[PDB]
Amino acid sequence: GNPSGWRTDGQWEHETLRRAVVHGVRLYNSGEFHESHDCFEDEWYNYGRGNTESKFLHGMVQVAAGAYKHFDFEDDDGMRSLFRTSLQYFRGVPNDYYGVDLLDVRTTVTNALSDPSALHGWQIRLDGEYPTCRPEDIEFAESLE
């Protein structure tokens, strides 16, 4: 099918949101967790509060930030706290949103609450695969604010 967020004119409803997803997921998948977080964090206030867009983005910020606490600092309590709120933000978000396999995100992040090693070598599925960092993704994260 067409994932949620895809319009009938063959465009994403919010281009800058899809952008954040592409760069963020590719950064995440190459283990650049801080840069990933920053791609999401750049977009996360642009839609206000309480709606699908802003809920998805807050969730992904916290996924990135939770990974970062786990891999960079071995801070599992910090990871666990972010993961618990990320799951609440994802409530109500379609499981295919903007090309992300969000169902797998939610179940892996849920797993990690029990066992942080659920994260090890885990990559986020986007458009049915596992895209990784390209020079333009890191360039974009570095161009941020």
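Residue numbers here begin at 1 and follow the sequence given.
Could you check the entry and say whether 7-15 or 125-133 has the higher mean CA B-factor?
The stretch with the larger average C-alpha B-factor is 7-15.
As stated in the PDB record, which stretch has the larger average Cα B-factor, 29-37 or 61-69?
According to the PDB entry, the answer is 29-37.
Kindly indicate the residue among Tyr98, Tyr45, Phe90, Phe83 with the greatest C-alpha B-factor in the PDB record.
Highest CA B-factor of the listed options: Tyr45.
Entry-reported Cα temperature factor of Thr108, expressed as the chain third it lands in:
Bottom third by C-alpha B-factor.
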